[PDB]
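See below for the structure under consideration.
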Amino acid sequence: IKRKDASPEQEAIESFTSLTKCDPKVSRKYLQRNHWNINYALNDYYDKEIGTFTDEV
């Protein structure tokens, strides 16, 4: 149900995908890992993409 501004998905996906600079379909696969909880899904994504920063340490 698109609310002409933020779908039930886009209220997490567009907030997530803009905060993580990824593609909207990637937010959709870290949200589906955390029952579309944007806080839990952000820690999991920062555990997969940002959790490997030590590649120069």
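Residues 6 to 62 (PDB author numbering) are what the sequence shown spells out, left to right.
Backbone N, C-alpha and C fix where the C-beta goes; we use that ideal spot for every residue, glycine too.
Could you pull out every residue in the same chain whose Cβ sits closer than 7 Å to the Cβ of residue i, ignoring the five residues on either side in sequence?
i   : result
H40 : none
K30 : none
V62 : none
By the 10 Å Cβ neighbour count, where 16 or more other Cβ atoms means buried, how is residue i classified, buried or exposed?
i   : result
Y50 : buried
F21 : buried
Whose C-alpha, out of the options, is nearest the C-alpha of residue i?
i   : options               : result
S12 : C27, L24, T25 and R33 : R33
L24 : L47, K9, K7 and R8    : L47
Note down, in chain order, each residue of its chain lying with its Cβ closer than 6 Å to the Cβ of residue i, except the 5 sequence neighbours on either side.
i   : result
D10 : none
Within the same chain, show all residues whose beta-carbon is closer than 8 Å to that of residue i, passing over the 5 residues directly before and after it, in chain order.
i  : result
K7 : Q15
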